[PDB]
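Read through the structure below, which is laid out as structure tokens, and then see the notes.
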Amino acid sequence: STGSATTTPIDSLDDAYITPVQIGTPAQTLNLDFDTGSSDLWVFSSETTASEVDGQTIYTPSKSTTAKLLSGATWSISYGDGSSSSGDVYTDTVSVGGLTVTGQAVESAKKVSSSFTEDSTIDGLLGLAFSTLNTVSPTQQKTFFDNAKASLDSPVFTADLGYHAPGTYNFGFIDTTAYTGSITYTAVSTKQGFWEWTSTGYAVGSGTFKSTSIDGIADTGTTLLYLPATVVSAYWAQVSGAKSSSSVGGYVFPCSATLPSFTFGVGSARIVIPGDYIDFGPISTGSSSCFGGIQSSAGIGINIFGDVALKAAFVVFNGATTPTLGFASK
Ligand SMILES: NCc1ccc(C(F)(F)F)cc1
């Protein structure tokens, strides 16, 4: 079997992407943020504290004939920004773009952090990292992808994120019309539960390629590109007037500047991020200072190839027994 679903940016900056997901019987459609950096499927629900819900569509297990309470199971997650949520667990039928999994763990939020409440367009997260990171206790649960793996034609999913435009998540097949050239595959380490890989180097604009190993994770759930301080300094040094700002929390640049492209290596292949993808607009309404899409990972502890990088490529998440990541130009 296969599935295919359109994913849509939530705002004009591509801060995140939402994908419609059908939960329950009859279907309740929620717009979820597909996150290859986490492994929980959690949703706003009828159980969420009413004061913490502002315009989200909620999952109502009592209206689903296939929902079953997973007795005694709880979950609690905290993300890399101090985002957190927690609650109890149901099992229910979950379908993505025609692909159906029965008995999927659906984690119902009783409390969510304020950053989720203020984001009316995201009804929950669908985690696509490895199941070892799932937070359900005492019995850890499988991700949607792990549950679907057996039924899939091929144990893969692909991410084709658009620049200021809709894109596609496909499950079980590789659309050979969606990319150009060849797909370059690279080894994945699962030791931390992430889609972790090693980039072979980088270039700034038309500069010479610097061969150097950058270990990082492919994370559709993170907006920006977070790289070591040395790399990020070399990039912003080519932008007249750019500086690292303590009060803003990262590199900013004059909105009038034109940004150079950024190239990262995948084996012997090169993926080019156009400079326009790195512009995240004014730091505040009316400001002439703009926020950069490439930032330092020094405070995070891990390098993150977020949406800024991934949307420049067609990306294959190969969940075979030896997992690999594939990158192609598009
Ligand atoms: N998109 C989920 C996510 C968020 C933050 C982190 C890290 F890097 F902070 F641990 C990993 C994964």
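Only one residue of 282, 306, 260 has its Cα farthest out toward the positive end of the dipole of the range 215-330, where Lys and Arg carry +1 and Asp and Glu -1 on Cβ, and that residue is 260. Considering helices alone, the calculated mean residue ellipticity of the chain at 222 nm is -1500 deg cm²/dmol, with DSSP H runs of length four and up weighted by -39500 (n - 2.57) and normalised per residue. With q set to 0.24 Å⁻¹, the log10 of I(q)/I(0) for the range 24-109, from the Debye formula over equal scatterers at the Cα positions, is -1.43. Sorted on the mean count of surrounding Cβ atoms within 10 Å across their residues, most packed first, peptides 258-267, 239-248 read 258-267, 239-248. For the chain, what is the relative contact order in percent, using Cα pairs closer than 8 Å and at least 6 residues apart in sequence? Relative contact order of the chain: 19 percent. Taking a straight line from the alpha carbon of residue 142, these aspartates and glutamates sit under 15 Å away, with near neighbours fewer than eight places off in the same chain left out: 35, 40, 92, 107.
Dipole size of the range 5-174 about its Cα centre, with +1 on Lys/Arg Cβ and -1 on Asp/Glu Cβ: approximately 680 debye, rounded to the nearest 20. Diffusion of the chain by Stokes-Einstein, at 37 °C in a medium of 0.692 mPa s and with Rh set to the Kirkwood radius over alpha-carbon pairs, works out to 161 µm²/s. Available extension along the chain between residue 63 and residue 244 is 60.1 nm, counting 0.36 nm per residue and deducting the alpha carbon span.
Taken along the Cα-to-beta-carbon direction at a fixed 7 Å, the label points for residue 121 and residue 102 span 3.6 nm.
The convex hull around the C-alpha trace of the range 175-330, projected and averaged over every direction, spans 9.9 square nanometres. Diffusion of the range 125-247 by Stokes-Einstein, at 25 °C in a medium of 0.890 mPa s and with Rh set to the Kirkwood radius over alpha-carbon pairs, works out to 138 µm²/s.
Computed over the range 98-175, the Cα gyration tensor eigenvalues convert (square root of 5λ each) into semi-axes of 24, 21, 10 Å, ordered from largest to smallest.
Okay, which of the range 260-301 sit inside 18 Å, backbone N to the point 7 Å along the Cα-Cβ direction of residue 12? Once the point is set 7 Å along Cα→Cβ of residue 12, 276-293 turn out to lie under 18 Å by backbone N, inside the range 260-301. When the alpha-carbon atoms of the range 56-152 are used, the pair Rg, Dmax equals 13.5, 37 angstrom. Average projection, convex hull of the Cα set of the range 5-174: 9.4 square nanometres. Size of the range 107-152 from its Cα atoms: along the principal axes, largest to smallest, the extents are 37, 26, 15 Å. Put simply, the amide H of residue 34, placed in the peptide plane, has neighbours under 5 Å in 19, 126, leaving out anything fewer than 5 places away on its chain.
For the range 92-231, relative contact order (Cα pairs under 8 Å, six or more residues apart, normalised by length) works out to 14 percent. Between the range 123-185 and the range 1-70, what is the separation of their alpha carbon centroids in Å? Taking the Cα centre of the range 1-70 as reference, the centre of the range 123-185 is 16 Å away. Rounded to the nearest 20 debye, the dipole size of the chain about its Cα centre is 640 debye, using +1 on the Cβ of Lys and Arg and -1 on the Cβ of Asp and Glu.
Since every read-out is calculated from the coordinates, none of them should be taken as a lab result. Ideal geometry is used to build each Cβ from the backbone, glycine not excepted, and the neighbour counts take in all protein chains shown.
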